[PDB]
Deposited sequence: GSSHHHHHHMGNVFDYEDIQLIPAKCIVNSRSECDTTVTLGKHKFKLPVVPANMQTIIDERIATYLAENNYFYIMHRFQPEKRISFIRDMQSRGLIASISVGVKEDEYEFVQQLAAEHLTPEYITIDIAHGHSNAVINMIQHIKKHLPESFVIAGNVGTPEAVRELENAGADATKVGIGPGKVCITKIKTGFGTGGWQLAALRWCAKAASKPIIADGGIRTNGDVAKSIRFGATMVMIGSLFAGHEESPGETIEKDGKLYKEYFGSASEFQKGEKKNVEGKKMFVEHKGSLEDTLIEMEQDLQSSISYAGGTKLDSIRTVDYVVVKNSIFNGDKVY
């Protein structure tokens, strides 16, 4: 009964809008509303401070990476002084306990904290959730990564306000190849399985290959969809651009992040049109089929 993104087709329902433009693609996560149910991967190869500022300035969700952890206290302070959301990443080591205590003492509370660990179903993650909720009670805590309903439950019960689902979701990623474990090759069914157990929002993390996979993630129960590859290789992205005969970034060149986000929004409005609704939640009650040949 297991499948992935490429195996699913959603079934259209009666169209009730006269134009895509009528369809509302917004979503709320905790106390804030955002333009789209998508978020760039919280990695230094995908996001940086300039991209995060663009995103927050235009009401798109972001989560900053923790590659330069010494910069996070200033990052928070600065975003919040421009009236922008501060959304950061933390780990679970002893120095991250101090970091959090530090924040509590300057009375900085980031709107969002993501605990970002490969194998996030652990007491290390559980204790960090409990520590964060003690010292920064107003922070919205996203915990992961997990791959099972028992894990989602345990993390929600520890106090997480959301969980991030995906354990080496790519079909040929390192985790899958080297360990034999994870959601690689069945990420969509894994998401469904985890979502059926969840009382709190889920961020679906990875395995996204097309804009249609965003609608599919919403059907099987995501609130936010975390995306790597589709956001990689924009002019704004980390790295260098390579007439000539067509650019490459570090593998091809996708142009402007802004155009990509607009197209994502348009494609998602089309999805809502086909779902027979006018808003994002309409995607959640469409029927679907599992196709025979998907590759």
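Student: How would you list, in order, the spans of the deposited sequence that the model does not cover?
Tutor: Missing CA coords at 1 to 11, 254 to 276, 330 to 336.
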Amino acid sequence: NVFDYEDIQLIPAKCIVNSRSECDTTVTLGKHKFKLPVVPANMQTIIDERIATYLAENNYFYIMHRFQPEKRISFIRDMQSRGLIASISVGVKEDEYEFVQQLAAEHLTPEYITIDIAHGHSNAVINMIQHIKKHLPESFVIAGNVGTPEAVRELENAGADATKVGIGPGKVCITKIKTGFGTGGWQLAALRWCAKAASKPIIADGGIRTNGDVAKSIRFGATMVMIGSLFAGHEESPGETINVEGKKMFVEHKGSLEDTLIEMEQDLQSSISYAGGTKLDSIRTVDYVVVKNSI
From here on, numbers count along this sequence of modelled residues.
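Student: Taking the recorded C-alpha temperature factors, which stretch has the higher mean, 127 to 135 or 206 to 214?
Tutor: The deposited B-factors put 127 to 135 ahead on the C-alpha mean.
Student: Between 154 to 162 and 101 to 109, name whichever shows the higher mean Cα B factor according to the PDB entry.
Tutor: Averaged over C-alpha atoms, the B-factors run higher in 101 to 109.
Student: Select one of 242, 268, 27, 41: the residue whose C-alpha shows the highest B-factor in the crystal structure entry.
Tutor: Max CA B-factor in the entry, restricted to 242, 268, 27, 41: 242.
Student: Highest Cα temperature factor in the entry, among the options 81, 87, 183, 223: which one is it?
Tutor: Top of the list by C-alpha B-factor: 81.
Student: Taking the C-alpha B-factors as the PDB entry records them, is residue 228 in the lowest, middle or highest third of its chain?
Tutor: Middle third - that is where residue 228 ends up once the chain's C-alpha B-factors are sorted.
Student: If you rank every modelled residue in this chain by C-alpha B factor, which third holds residue 20: lowest, middle or highest?
Tutor: Residue 20: CA B-factor falls in the highest third of its chain.
Student: What third of the chain, by the recorded C-alpha B-factor, contains residue 250?
Tutor: Its C-alpha B-factor belongs to the highest third of this chain's values.
Student: Taking the values exactly as deposited, rank residue 67 by C-alpha B-factor within its chain and report the matching third: lowest, middle or highest.
Tutor: For residue 67, the deposited C-alpha B-factor lands in the highest third.
Student: Taking the chain's C-alpha temperature factors as the reference, tell me which third residue 189 falls into: lowest, middle or highest.
Tutor: According to the entry, residue 189 has a C-alpha B-factor in the chain's lowest third.
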